[PDB]
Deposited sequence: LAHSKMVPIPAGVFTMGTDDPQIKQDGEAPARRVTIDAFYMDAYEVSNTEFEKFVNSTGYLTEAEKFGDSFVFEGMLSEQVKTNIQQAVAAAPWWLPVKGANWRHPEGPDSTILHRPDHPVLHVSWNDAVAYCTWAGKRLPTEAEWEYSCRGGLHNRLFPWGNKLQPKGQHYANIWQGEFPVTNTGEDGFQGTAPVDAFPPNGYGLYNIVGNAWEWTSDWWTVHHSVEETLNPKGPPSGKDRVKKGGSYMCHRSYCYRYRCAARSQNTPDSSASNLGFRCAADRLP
């Protein structure tokens, strides 16, 4: 296993957002041309094993552990009725105090806040990616496609990401092989070498959230200078076309930086190799 390995994301210009927004309220539009300097991106979401190395080294107590609760999806035992604040849910206990990560060491770490993610990435000699870096990386060298791999959800009849199949939120058929999370190295990589950049766990980025974007061309944009929520990208194992079509690279959502949930993790980026 090399679950902290990074890949080189090449310098380029790309179209961020879309002029065919699917969730207009989220500021998916307008499409805008963005230039990104070469940098490195983690191939994988940060796993439980990798986060444990951080905690072993630093003693870091996550925000969920200090608050004493975190959000858990009802189906696997609030923003929606299916999100419950569960006492004692945290990265080591993803569904509550009598769940464990011992059988899922290579799954993405969950119940990590934006602050927890920044602590980890900086400890590792890295940083969070910006939303633009994240989206560029997600798109994997393709232009104006829905998904990292193109426009078909199941190219060649194959599952390419861990999302929901069935009737959400009542029945997840596990058709794609995973009801909850999958190992961080599951499913094919995209054109840049990245795994589970859509689906599996949501991923924090460094940007403050806004829905107001200009069509002006930008270089290495960092998002707005202020805000209340940070941007998360990529969707999770919970997403479905019928409710929550958020497993597209252009999709975007937010949470307060001290938030945590059982479908939200992260990966790191770096200017140079650590």
Going from the first residue of the deposited sequence to the last, where are the unmodelled runs? 78-89
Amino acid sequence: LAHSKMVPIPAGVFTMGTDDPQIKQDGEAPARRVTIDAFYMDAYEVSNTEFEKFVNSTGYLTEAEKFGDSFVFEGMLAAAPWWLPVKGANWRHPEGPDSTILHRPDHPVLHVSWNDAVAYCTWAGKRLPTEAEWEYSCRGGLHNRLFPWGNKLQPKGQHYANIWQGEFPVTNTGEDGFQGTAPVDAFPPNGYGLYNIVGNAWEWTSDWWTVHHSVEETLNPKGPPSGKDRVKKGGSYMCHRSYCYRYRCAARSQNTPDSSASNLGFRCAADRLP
From here on, numbers count along this sequence of modelled residues.
Of 133-141 and 88-96, the stretch with the higher mean C-alpha B-factor in the deposited entry is 88-96
Higher avg CA temperature factor (143-151 vs 68-76, as deposited) belongs to 68-76
Going by the CA temperature factor in the entry, name the top one among 249, 43, 238, 219. 219
Given 116, 203, 167, 176, the residue at which the Cα B factor reaches its maximum: 167
Name the third of the chain's ranked CA B-factors that contains residue 265, choosing lowest, middle or highest. lowest
Taking the chain's C-alpha temperature factors as the reference, tell me which third residue 33 falls into: lowest, middle or highest. highest
Relative C-alpha B-factor of residue 213, binned into the chain's lowest, middle or highest third: highest
Taking the C-alpha B-factors as the PDB entry records them, is residue 171 in the lowest, middle or highest third of its chain? highest
Please say which third, lowest, middle or highest, residue 27 falls into when its CA temperature factor is compared across its chain. middle
